[PDB]
Amino acid sequence: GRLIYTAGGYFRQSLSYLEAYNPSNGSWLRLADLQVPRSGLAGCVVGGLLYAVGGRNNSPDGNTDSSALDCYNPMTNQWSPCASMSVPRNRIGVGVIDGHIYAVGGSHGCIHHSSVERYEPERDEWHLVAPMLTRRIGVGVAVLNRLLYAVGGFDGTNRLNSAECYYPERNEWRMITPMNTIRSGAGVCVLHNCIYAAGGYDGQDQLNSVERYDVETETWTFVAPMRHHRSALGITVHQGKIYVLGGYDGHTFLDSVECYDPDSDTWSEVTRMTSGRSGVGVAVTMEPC
Ligand SMILES: CN(Cc1cc([C@H](CC(=O)O)c2ccc3c(c2)nnn3C)ccc1Cl)S(=O)(=O)c1ccccc1
Ligand SMILES: [Cl-]
């Protein structure tokens, strides 16, 4: 559509915020709160509807991993509950193929999932598919040419540079070339023929580096680093540019929003979120009402 939506996230506790940024004019709009606060969720769009998937409610009265799927209709400014997933999935990644939502990995307490499940909006149903070859939480997910990619993350013991690809018609996962950088909670998205992985955490440091995988060459190449080191960032594509939103730099929960121009290989500061936060869900759709 035309707006970048940011849902949930974390600052001091899990957040219920839904806010929409308009790159055309720089404005932010605050919209209807999520029914349940959540950080470590993912956002996606199917048929112009915005979905918030998984996460965890870290609140002063308990911590609860979410198996929730909720649907935001920009036409009504209302959130509606959908069928819940088979399992809670905190620090989840998601991808959309052919109008179906894949929920990938994430944690439930000390359980780090390799499992994957697929949502069909037409029947409001989840179904498990083949699990990944690797347990991954803080996993980056993107879709390119109707193939689903799971990139980096944390397996319970180590942060990962590994990545793998799901071939739907074979219901099968296969490893791809690993990234040059260990990244957990990177922002992962697609632009042109490349899967980009921006920032993340390696067990020691939050990262500013950005690399991209060309499916034709099966190789990863670094591009210009972001202006800010950041893990648990939100990422999306809007008009052929990558936008990264918030995250954590080892010091501050960032309000910084940066944009990448692939043609000039440059990052620029574009706006600030209304407040600093990390672990948001982000996606793009039409403006409300
Ligand atoms: C930071 N968010 C949670 C989150 C963490 C990680 C990794 C997990 C890991 O590699 O173990 C992680 C862990 C620790 C990190 C890290 C990344 N970066 N710095 N530090 C110290 C990856 C994605 C998300 Cl959304 S969040 O915003 O949802 C959040 C923040 C505070 C408390 C709870 C959740
Ligand atoms: Cl968490």
Side-chain angles (χ1 to χ4, degrees), residues 4-15 17 19 21 23 28 38-43 55-56 58 90-94 106 136-142 151-154 159-161 163 179-191 194-213 220 222-238 241-262 265-284:
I4 297 164
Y5 287 80
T6 179
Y10 185 93
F11 180 67
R12 316 223 166 188
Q13 58 188 355
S14 296
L15 307 170
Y17 309 153
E19 293 168 319
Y21 176 69
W28 283 94
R38 56 223 277 195
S39 51
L41 75 159
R56 164 182 184 102
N58 290 302
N90 179 36
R91 301 170 299 175
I92 194 179
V94 302
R136 302 170 186 278
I137 72 89
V139 61
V141 175
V151 173
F154 180 67
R159 283 88 194 176
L160 302 167
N161 65 4
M179 304 182 283
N180 297 312
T181 313
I182 287 165
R183 311 178 184 271
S184 184
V188 168
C189 70
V190 168
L191 191 59
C194 291
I195 311 276
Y196 283 75
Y201 177 66
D202 64 7
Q204 311 152 100
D205 294 290
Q206 300 76 25
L207 312 169
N208 69 352
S209 67
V210 186
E211 59 190 299
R212 67 183 184 203
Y213 176 77
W220 293 85
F222 292 99
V223 299
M226 298 174 294
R227 292 211 193 276
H228 295 74
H229 291 251
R230 53 180 98 219
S231 64
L233 53 146
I235 195 162
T236 198
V237 178
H238 180 281
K241 294 178 85 203
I242 295 161
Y243 289 77
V244 297
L245 288 81
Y248 180 67
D249 73 353
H251 189 58
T252 304
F253 297 80
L254 301 174
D255 58 16
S256 161
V257 179
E258 292 179 67
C259 190
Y260 182 66
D261 177 10
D265 185 33
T266 58
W267 290 89
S268 63
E269 208 71 63
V270 272
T271 192
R272 290 150 64 72
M273 291 190 296
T274 59
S275 61
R277 70 194 77 150
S278 59
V280 304
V282 184
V284 174

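Throughout, numbering of the chain's residues begins at 1 and tracks the sequence.
Between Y260 and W267, the ring planes lie tilted relative to each other; the angle falls in the 30° to 60° range. Between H238 and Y243, the two ring planes are perpendicular [angle over 60°; tilted spans 30° to 60°].
The only member of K241, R230, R227 that meets salt bridge (charged side-chain N to carboxylate O under 4.0 Å, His left out) when paired with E258 is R230.
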Exercise for the section: Check step by step if side chain to side chain contact (heavy atoms under 4.5 Å, CB included) holds for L245 and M273. Expected result: CA-CA 8 Å; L245 288 81; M273 291 190 296; 4.2 Å; yes
Practice task
Go through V188 and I195 one step at a time and tell me if the side chain to side chain contact (heavy atoms under 4.5 Å, CB included) criterion holds.
Solution key: CA-CA 7 Å; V188 168; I195 311 276; 3.8 Å; yes
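Residues forming a side chain to side chain contact (heavy atoms under 4.5 Å, CB included) with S14 (at least two apart in sequence, or on another chain): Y10, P37, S39, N57, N58. Residues passing the side-chain hydrogen bond (donor to acceptor under 3.5 Å, both in side chains) test with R272 are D255, sequence neighbours excluded. For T271, the side chain to side chain contact (heavy atoms under 4.5 Å, CB included) test picks out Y21, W28, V257, with sequence neighbours left out.
Annotation for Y17: atom OH does not count as buried by contact number, only 12 or fewer foreign heavy atoms lying within 6.0 Å.
With hydrogens and angles ignored, the 3.5 Å screen pairs a side-chain donor or acceptor of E211 with a backbone N or O of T181. The backbone N or O of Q206 lies less than 3.5 Å from a partner atom in the side chain of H229, making a donor-acceptor pair.
Between the side chains of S209 and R183, at least one donor N or O lies within less than 3.5 Å of an accepting N or O.
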